[PDB]
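For reference, the structure discussed in these notes is given below.
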Amino acid sequence: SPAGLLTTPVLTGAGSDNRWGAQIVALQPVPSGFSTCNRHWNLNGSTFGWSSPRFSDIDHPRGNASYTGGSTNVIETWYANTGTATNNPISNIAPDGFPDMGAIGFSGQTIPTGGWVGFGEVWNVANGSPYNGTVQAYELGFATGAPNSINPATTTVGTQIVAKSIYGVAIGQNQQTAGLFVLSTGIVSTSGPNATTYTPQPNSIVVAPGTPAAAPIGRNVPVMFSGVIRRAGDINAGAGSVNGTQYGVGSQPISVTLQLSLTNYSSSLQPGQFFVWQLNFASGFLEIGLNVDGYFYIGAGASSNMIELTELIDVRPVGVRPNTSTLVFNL
Amino acid sequence: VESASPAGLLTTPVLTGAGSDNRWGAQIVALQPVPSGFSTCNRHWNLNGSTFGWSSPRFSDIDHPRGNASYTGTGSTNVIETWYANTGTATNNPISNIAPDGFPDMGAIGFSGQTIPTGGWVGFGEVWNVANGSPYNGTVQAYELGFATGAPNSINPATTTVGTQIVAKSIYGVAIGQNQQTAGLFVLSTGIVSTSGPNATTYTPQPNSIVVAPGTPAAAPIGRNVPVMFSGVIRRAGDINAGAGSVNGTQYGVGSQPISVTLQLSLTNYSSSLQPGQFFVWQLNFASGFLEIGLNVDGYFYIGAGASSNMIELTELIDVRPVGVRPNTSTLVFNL
């Protein structure tokens with residue numbers, strides 16, 4: 001039974017989302033629909049992405065590293081084609097852990113807004129030793145036009161994976177072949193004190209061929225799981241910051257992703273159905289549904305206002321329902 | 001909330017590849033017996049819903065709002081950056097003010113003159129401006145973090161939280177150093193181990209370098225039953241591409257608990273299902289043998305390894321089956 005996939009702890013503070021690993025504190029309805037494949041599992045034990053259901057560091061053994069000038073305090077760019085992560089057993093699209101987001105270019109000397117940023121370095125393919133003057137915060141994502149005219153991409157087909165430092169490195173490296181190493185904990189790129197929109201926005205997510213979309217069904221709209229994430233421009237901001245709170249979203253709680261990767265649920269739900277749970281709040285309730293592609297839905301209609309989980313009391317299973325029956329929204 | 005049975009704390013996935021340890025977050029692939037015993041408090045929970053440490057059962061990031069930042073050098077570029085504060089000043093940590101949530105329970109080893117220490121906890125981060133939260137973006141680097149005395153100019157590792165400092169010191173040069181009376185620290189919470197050259201070092205941390213808080217109970221041997229840590233492969237600074245089975249040697253990191261156990265113990269109180277003097281015991285069934293593992297009320301796991309400190313690989317582990325409550329003086333079966 002799918003019932004055990006969503007339990008009260010997952011949504012009352014002990015859950016984490018499958019993209020940022022952030023503590024899940026809100027639900028984010030997406031009335032346009034969206035797609036996600038990386039670190040996303042369906043109910044047939046399968047993923048269309050390139051990452052395992054844990055938070056792997058990011059390592060690629062063969063890319064091009066360069067900087068744009070002298071050689072100190074310079075922006076370092078690493079890139080490779082998609083489909084070259086030949087040591088990744090899930091997929092060669094990209095290293096396990098590489099973020100499913102478009103890489104955004106700079107605006108003059110202004111840092112891009114909304115990109116996935118991790119800390120990392122380039123390393124020497126001769127011996128595995130780091131080029132230690134290349135440590136920095138790097139924006140990672142999919143793009144065309146690397147190294148020096150990057151535009152974000154939303155497909156894995158015929159594109160590049162890029163890492164570009166958002167600040168200057170101590171000692172730049174021009175290496176026609178070099179490795180990448182980045183930790184898998186991400187922050188979002190910003191400059192100045194402001195939080196940006198929830199990240200990634202639907203049209204920023206990168207998916208691989210064959211990924212099914214989560215489309216709305218009447219008033220039933222797909223939902224993402226939201227937690228507070230850090231941002232580069234005010235790194236001390238957190239939940240309730242006077243400068244605004246920054247949210248990151250994932251398509252699934254990682255505990256759900258993990259369970260779906262360990263057990264096949266194809267006998268318990270078929271196309272056209274949801275497995276439904278009731279979320280009971282202090283003064284209302286709503287139903288959340290899971291479909292066979294692993295996407296969650298709520299009956300929010302054309303609303304993208306976040307639903308805070310602060311007053312959630314418990315989660316109770318309801319059972320299998322048609323996906324065309326409106327999910328109750330009684331808040 | 002109370003639970004009547006610890007049985008659910010250890011299940012087959014925890015030890016056959018879906019588990020992670022509570023210090024490094026690494027995939028659990030082995031058991032590390034510790035015949036002389038050890039203590040751990042950070043991100044370690046007991047069966048009474050409590051921790052003696054300063055971290056939640058979660059990995060996010062390390063943030064401290066008020067330390068001293070400095071560098072040394074004749075110039076301000078490509079220099080070593082040091083940040084430090086006293087323990088007991090992490091006032092924005094709801095668990096404990098000892099140290100920021102996520103700060104590693106390891107000693108900070110001093111270094112200078114283009115050598116770096118072996119076996120320290122290293123994380124990536126920066127110092128930041130307390131006026132507005134903006135990074136000093138030229139201070140990003142890999143930093144060794146730990147507890148110490150003597151910062152900034154005579155750093156020596158400490159094993160207690162009492163009267164010591166928390167220190168971050170970059171193992172490579174930063175782009176632009178900062179001498180600031182007050183600066184904040186921001187480091188990611190998943191570490192690598194400091195090394196030089198290609199070699200792996202011993203499993204990290206060794207028992208003699210774990211930092212604990214006052215009141216932390218020790219895991220002491222009881223006859224042939226000895227405490228065990230959970231081992232996974234971790235990165236190391238000197239050969240960052242090395243992973244499991246590397247031709248240059250495999251580097252292990254250890255934690256006292258699978259983080260899924262820590263999390264469950266933090267959510268549910270088990271104090272009515274196990275008492276001092278008792279283990280809850282599970283059987284680990286391998287292709288070619290089996291062993292018993294026990295959990296005590298302080299949250300520590302034990303096996304009947306006796307005087308052996310050999311790692312036990314979990315490659316051929318088939319499943320985990322609950323046995324029940326037993327006296328901790330009964331020898332745990334070890335049939336490998």
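Residues in the structure tokens are numbered from 1 in each chain, the chains being A, B, ... in the order shown, and ligands are numbered from 1 in the order shown.
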
Chain A contacts on chain B, only C-alpha atoms, 7 Å, as an MDAnalysis selection string: chainID B and resid 78 124 133:135 137:138 140:141 172:175 238:241

Exercise: residue 190 (chain B) partners within 12 Å, only C-alpha atoms, chain neighbours under 5 positions left out, as a VMD selection string: (chain A and resid 55 to 57 119 182 to 186) or (chain B and resid 20 to 26 58 to 62 102 to 104 121 to 125 142 145 234 to 235 253)

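One distance worth recording is that between CA of residue 278 (chain B) and CA of residue 222 (chain B), which is 11.4 Å.
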
Closest of B:31, B:169, B:49, B:105 to residue 72 (chain B) - atom-to-atom distances counting only C-alpha atoms: B:169

Residue with smallest distance to residue 36 (chain A) - pool A:84, A:213, A:126, A:66, counting only C-alpha atoms: A:213

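Straight-line separation from CA of residue 82 (chain B) to CA of residue 210 (chain B): 21.5 Å.
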
Exercise: residue 297 (chain A) partners within 7 Å, only C-alpha atoms, chain neighbours under 4 positions left out, as a PyMOL selection string: chain A and resi 220-223+288-290

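For residue 38 (chain A), the residues within 7 Å (counting only C-alpha atoms, excluding itself and residues fewer than 5 positions away along the chain) are residues 48, 49, 50, 51 and 100 of chain A.
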